[PDB]
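Chains as they are written, first to last, in our numbering: chain A, 708 to 1213; chain B, 92 to 608.
Positions of the beta carbon are idealized from the N, C-alpha and C atoms, including for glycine.
Structure record follows, encoded as structure tokens.
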Amino acid sequence: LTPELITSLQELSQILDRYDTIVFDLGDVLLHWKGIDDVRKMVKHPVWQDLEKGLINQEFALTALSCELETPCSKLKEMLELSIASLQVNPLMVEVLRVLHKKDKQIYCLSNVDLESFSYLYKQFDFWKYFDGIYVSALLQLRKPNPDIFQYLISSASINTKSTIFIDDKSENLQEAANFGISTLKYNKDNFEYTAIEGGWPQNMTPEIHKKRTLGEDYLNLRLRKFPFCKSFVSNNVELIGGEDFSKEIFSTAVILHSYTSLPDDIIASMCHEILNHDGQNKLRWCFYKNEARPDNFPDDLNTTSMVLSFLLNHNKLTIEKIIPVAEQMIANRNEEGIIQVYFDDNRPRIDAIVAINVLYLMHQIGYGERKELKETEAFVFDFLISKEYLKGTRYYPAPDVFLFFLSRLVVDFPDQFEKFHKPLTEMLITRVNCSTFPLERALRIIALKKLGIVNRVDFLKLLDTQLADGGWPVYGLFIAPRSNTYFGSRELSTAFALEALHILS
Amino acid sequence: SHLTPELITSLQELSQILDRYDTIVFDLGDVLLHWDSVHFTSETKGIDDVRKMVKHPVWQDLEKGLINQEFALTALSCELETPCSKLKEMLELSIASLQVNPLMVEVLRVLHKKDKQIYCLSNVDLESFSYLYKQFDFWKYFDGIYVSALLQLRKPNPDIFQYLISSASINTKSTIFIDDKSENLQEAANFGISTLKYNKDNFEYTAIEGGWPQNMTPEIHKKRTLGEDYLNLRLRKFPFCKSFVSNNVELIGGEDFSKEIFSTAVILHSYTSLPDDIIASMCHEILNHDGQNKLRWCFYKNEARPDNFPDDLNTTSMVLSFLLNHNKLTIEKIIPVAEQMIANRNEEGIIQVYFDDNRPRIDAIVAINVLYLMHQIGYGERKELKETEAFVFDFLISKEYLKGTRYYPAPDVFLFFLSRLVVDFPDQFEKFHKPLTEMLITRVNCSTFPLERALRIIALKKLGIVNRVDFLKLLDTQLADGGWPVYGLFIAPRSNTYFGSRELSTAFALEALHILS
Ligand SMILES: CC(C)=CCC/C(C)=C/CC/C(C)=C/COP(=O)(O)OP(=O)(O)O
Ligand SMILES: CC(C)=CCC/C(C)=C/CC/C(C)=C\COP(=O)(O)OP(=O)(O)O
Ligand SMILES: CC1=CC[C@H]2C(C)(C)CCC[C@]2(C)[C@H]1COP(=O)(O)O
Ligand SMILES: CC1=CC[C@H]2C(C)(C)CCC[C@]2(C)[C@H]1COP(=O)(O)O
Ligand SMILES: [Ca+2]
Ligand SMILES: [Ca+2]
Ligand SMILES: [Cl-]
Ligand SMILES: [Cl-]
Ligand SMILES: [Cl-]
Ligand SMILES: [Cl-]
Ligand SMILES: [Cl-]
Ligand SMILES: [Cl-]
């Protein structure tokens, strides 16, 4: 066909408004800017593709290019970083972005950025909030102009090829996008090349993925149907190697109900029954143990309580009227720095950032969101993130991704009261993509990032591998009794989170 | 309409049937081995039959090397509701009751005496396979061993059969399969392979005409050609193999050095499929080297030779060994240099690394490469070699190779070079075989560095075992230009300076892909 050179902003505004979904490229669209003096030679080398698909980090790609390009490793690095910093926002396109966002459009970002750079550009600029989904190559292990990434974007976002227009400066990228029935709009610094394209007619793993998802579902269903009081094993390592059956704590049952939403109704009913008949429930405060295992003077905790109450309220098993009293006791549990503490016992003073997150969640869920007493507790969690002190884990949660996950719930479900948490949190999660092997830690990152509007397909892929032949994933130690260093876990907890990660990316 | 198999009972006929076939495939368990499954331990709680552990699906993940026993047990600990420590006892008692089946192991020996083609196809977790290779002694009768843990493939998946036929170039017309599991026999029969079911007091023979006609090969031929092109282009532009230096095996932040001749020799010695023009081009660099005094080589070029840095034996051994094997030097000229090396022993009789009494030092790998030259020139029987050979042997038996050598920190490097010696002079190194081979088995897919993967792929293949796992994951780490990432093969221990090159890594990688094709 033949493009339609556009030079009138009025024409552009009318052309864009004819589409429900707009897809932006990053380079030259939204952002413009010893040996080899041209960085163009690095980006044109085949090894750069391995960097864009996340297969290797910049450090790897640099040393590999030092050899191929016959340039000192230090120089290629200094030039690459200088190129990154010099990136500037394109004011025209950023405004075209904010506009299409206030007009309630579907706006996705499809760029070929390496993970480390994308993590930097996410912290540098602020137009990221205008996107509904972010599809970066380093998090997909795909890259333009391979048709795979386009098919994945279409099926991932449920995009309709018609009413969808793609903006990019590369002809090959637009060329491929058009083969799927997407209208193209090439960005030249002077003008635009508009090419309307008829769309409507309808990835490459739905056959394999649907099978593993079914297998995993069947496994977890059987377990919880046989043990609605979620089982738990105990050891001294996060892998629960040589662990012994315990199954005398109620928190695991909560976590499952609070995280995996696709549970069949009969399991949810049966598991909910356990959360109610729990003999550790005095009033509407819960104890971690059953009475049969309660170690004598072991008090009730705000973590099991915050979850059980938050869940029951969200499922119409309690009224805010019944809960606010309990919530007020928690307000009275503040330590000398104004931080809500973990136990209903002034003689067991202990604080935990994740416990504070689940308490703060209940507060904002019941209307307590703006109580002046939560100030210190909220700042405690914010500093725990900003100071990167979450890498040392919480008192009872040693895995850093656990804190980021539960924080993402509070930040996504109450965005008005936690807007300053968004970008700092998403930066951390991006830098931690594929940084561990335990499937549960992967599922967490997969879920949290998606809720934050970023698709993490790397951890998703390597999650499918760690599934065992009976559908379930390996046991994992989610929380610990610190003084004795005792991990609690179960294959249910792991399979639950893994299944949700699969569902949230379907 | 169902086929009816000949009921064979006379062992006279059993050898009549088997004699008609060129290739025979044995299953390990219940054919060559048997064992007791039930063990009522001091628990009583839960499972009593190990048959239920092998019956569970999680066992498939163990058989395919995806998990180890400790992992598979803590999982079955939950599924079977049996304490972790009890399932471990049961498995150990089961393994300990393992015994040969004398009837079948004799069938194996006879078929090997008649110079048949015999292969072993069995599902065995990696840790158990390492154990069986040490416990029993019929492995010598196999022309090639295909174990699930070494393949990431298990029976009766048709894939594993298709891989066996492809890897071994098996002509299924004259091939028979001995197994007890009826479903493993059915799948083989659908490949044109005649079956023979092993029962108690009864063989079931079923002739299979066959004739009716792997699947990762297209991806493999492409990646092999790409790596070939990358290496030939690099070596043709720099026949003196370049090298980088840094503080880590990763060679991250590596500065160009390319003033050492060892990399050049290692590639000539290790990559067999090098194009001829490069072999000559690189060979010239070795002969016309700066630090070539007499017939003793120096690691550095004279421009980079530190003050009073002497000639070393590791370079001289390899260079001479290569020049001899390529008919570019006569044994008559090398034996005088070999005598200098025998005159280079320390208080304990171990051949030292340097031609310099002021720089005494020893290295098990350098000893290995020296002993290879000795046995290659007729010195194999010399008295003065005893202490040096034992030094290498204790290094292997004491599992001290796991801490690396003075100049080679990667253990797989020690095993690889020792496998050249053990395999190329078998009559002089029989006691090295089973220990060396079992060690390599326990290290399958134990590290991710491409070069280390190739070393295990090559060594295990020369020792008769096909390592497909490392083979697959080797194709992953291949960068988009064909070549593999850099890798630091040896070090300057005083300053902890690693040497390596993308040429080195790619060279071994291509060899490993070549040797399993
Ligand atoms: C759900 C959840 C993580 C709640 C927070 C606290 C809690 C009840 C955790 C579960 C396991 C446990 C008994 C920890 C305290 O051990 P300790 O015996 O070391 O007690 P201390 O350190 O608090 O005294
Ligand atoms: C692979 C090979 C050729 C091994 C034999 C010796 C050798 C020349 C190794 C390469 C690195 C080097 C030049 C010196 C290391 O010894 P140092 O300089 O660290 O001090 P040392 O010589 O006292 O150990
Ligand atoms: C092609 C290119 C060059 C350098 C590259 C870096 C500066 C190294 C990182 C940000 C991303 C980018 C600008 C990228 C754009 O990606 P695309 O917009 O083309 O997908
Ligand atoms: C699958 C299996 C069961 C138990 C197993 C052990 C006793 C644990 C170890 C030796 C090997 C073996 C007999 C093996 C035989 O392999 P197969 O002949 O069945 O393929
Ligand atoms: Ca671009
Ligand atoms: Ca069998
Ligand atoms: Cl009550
Ligand atoms: Cl505390
Ligand atoms: Cl804490
Ligand atoms: Cl025996
Ligand atoms: Cl030494
Ligand atoms: Cl040593």
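Distance between beta carbons of residue j and residue i, contact taken as under 8 Å
{"i": "residue 893 of chain A", "j": "residue 881 of chain A", "result": "6 Å"}
{"i": "residue 352 of chain B", "j": "residue 377 of chain B", "result": "6 Å"}
{"i": "residue 168 of chain B", "j": "residue 126 of chain B", "result": "Going by Cβ atoms, the distance from residue 168 of chain B to residue 126 of chain B rounds to 21 Å, so no, they are not a contact pair."}
{"i": "residue 208 of chain B", "j": "residue 114 of chain B", "result": "4 Å"}
{"i": "residue 152 of chain B", "j": "residue 1175 of chain A", "result": "5 Å"}
Reduced DSSP secondary structure (H/G/I, E/B, other) of residue i
{"i": "residue 993 of chain A", "result": "coil"}
{"i": "residue 888 of chain A", "result": "coil"}
{"i": "residue 182 of chain B", "result": "helix"}
{"i": "residue 893 of chain A", "result": "strand"}
{"i": "residue 358 of chain B", "result": "helix"}
{"i": "residue 151 of chain B", "result": "helix"}
{"i": "residue 1184 of chain A", "result": "strand"}
{"i": "residue 1177 of chain A", "result": "coil"}
{"i": "residue 175 of chain B", "result": "helix"}
{"i": "residue 671 of chain A", "result": "Coverage of chain A is limited to positions 708 through 1213, which leaves residue 671 of chain A absent and any answer about it impossible."}
Under 9 Å from the C-beta of residue i: neighbouring residues of chain B
{"i": "residue 937 of chain A", "result": "Those within 9 Å of residue 937 of chain A in chain B number zero; the least Cβ separation is about 12 Å."}
{"i": "residue 1198 of chain A", "result": "166, 169, 170"}
Euclidean distance between Cα positions of residue i and residue j
{"i": "residue 800 of chain A", "j": "residue 737 of chain A", "result": "6 Å"}
{"i": "residue 726 of chain A", "j": "residue 872 of chain A", "result": "7 Å"}
{"i": "residue 249 of chain B", "j": "residue 118 of chain B", "result": "16 Å"}
{"i": "residue 1148 of chain A", "j": "residue 1106 of chain A", "result": "8 Å"}
{"i": "residue 849 of chain A", "j": "residue 1167 of chain A", "result": "13 Å"}
{"i": "residue 226 of chain B", "j": "residue 120 of chain B", "result": "14 Å"}
{"i": "residue 1126 of chain A", "j": "residue 347 of chain B", "result": "49 Å"}
{"i": "residue 955 of chain A", "j": "residue 792 of chain A", "result": "54 Å"}
{"i": "residue 1005 of chain A", "j": "residue 1185 of chain A", "result": "21 Å"}
{"i": "residue 851 of chain A", "j": "residue 761 of chain A", "result": "13 Å"}
{"i": "residue 924 of chain A", "j": "residue 559 of chain B", "result": "32 Å"}
{"i": "residue 260 of chain B", "j": "residue 366 of chain B", "result": "26 Å"}
{"i": "residue 1046 of chain A", "j": "residue 1002 of chain A", "result": "26 Å"}
{"i": "residue 95 of chain B", "j": "residue 295 of chain B", "result": "9 Å"}
{"i": "residue 1069 of chain A", "j": "residue 130 of chain B", "result": "53 Å"}
{"i": "residue 875 of chain A", "j": "residue 767 of chain A", "result": "29 Å"}
{"i": "residue 239 of chain B", "j": "residue 527 of chain B", "result": "21 Å"}
{"i": "residue 897 of chain A", "j": "residue 714 of chain A", "result": "8 Å"}
Chain-ordered neighbours of residue i on chain B, where CB pairs are closer than 8 Å
{"i": "residue 950 of chain A", "result": "165, 168, 175"}
{"i": "residue 1182 of chain A", "result": "165, 166, 169"}
{"i": "residue 1195 of chain A", "result": "Within 8 Å Cβ-Cβ: nothing; residue 1195 of chain A doesn't reach chain B, min ~14 Å."}
Beta-carbon neighbours of residue i, restricted to chain B and to distances below 7 Å
{"i": "residue 766 of chain A", "result": "343"}
{"i": "residue 1113 of chain A", "result": "Going along chain B, no residue has its Cβ under 7 Å from residue 1113 of chain A, so there is no contact; the nearest lies around 25 Å."}
Proximity of residue i and residue j at Cβ, strictly below 8 Å
{"i": "residue 1156 of chain A", "j": "residue 1119 of chain A", "result": "no"}
{"i": "residue 943 of chain A", "j": "residue 1194 of chain A", "result": "yes"}
{"i": "residue 940 of chain A", "j": "residue 950 of chain A", "result": "yes"}
{"i": "residue 847 of chain A", "j": "residue 859 of chain A", "result": "yes"}
{"i": "residue 503 of chain B", "j": "residue 534 of chain B", "result": "yes"}
{"i": "residue 1101 of chain A", "j": "residue 1061 of chain A", "result": "yes"}
{"i": "residue 1067 of chain A", "j": "residue 1085 of chain A", "result": "yes"}
{"i": "residue 369 of chain B", "j": "residue 437 of chain B", "result": "no"}
{"i": "residue 144 of chain B", "j": "residue 189 of chain B", "result": "no"}
{"i": "residue 297 of chain B", "j": "residue 280 of chain B", "result": "yes"}
{"i": "residue 602 of chain B", "j": "residue 556 of chain B", "result": "no"}
Within chain A, the residues that residue i reaches when beta carbons sit closer than 7 Å
{"i": "residue 149 of chain B", "result": "1175, 1176, 1177"}
{"i": "residue 152 of chain B", "result": "1175, 1176"}
{"i": "residue 436 of chain B", "result": "In chain order: nothing, as chain A lies at least about 40 Å away."}
Within chain A, the residues that residue i reaches when beta carbons sit closer than 9 Å
{"i": "residue 547 of chain B", "result": "Going along chain A, no residue has its Cβ under 9 Å from residue 547 of chain B, so there is no contact; the nearest lies around 21 Å."}
Short CB-CB distance (under 8 Å) between residue i and chain D
{"i": "residue 467 of chain B", "result": "Judged by its chain identifiers, the structure shown contains no chain D, and its protein chains are A and B."}
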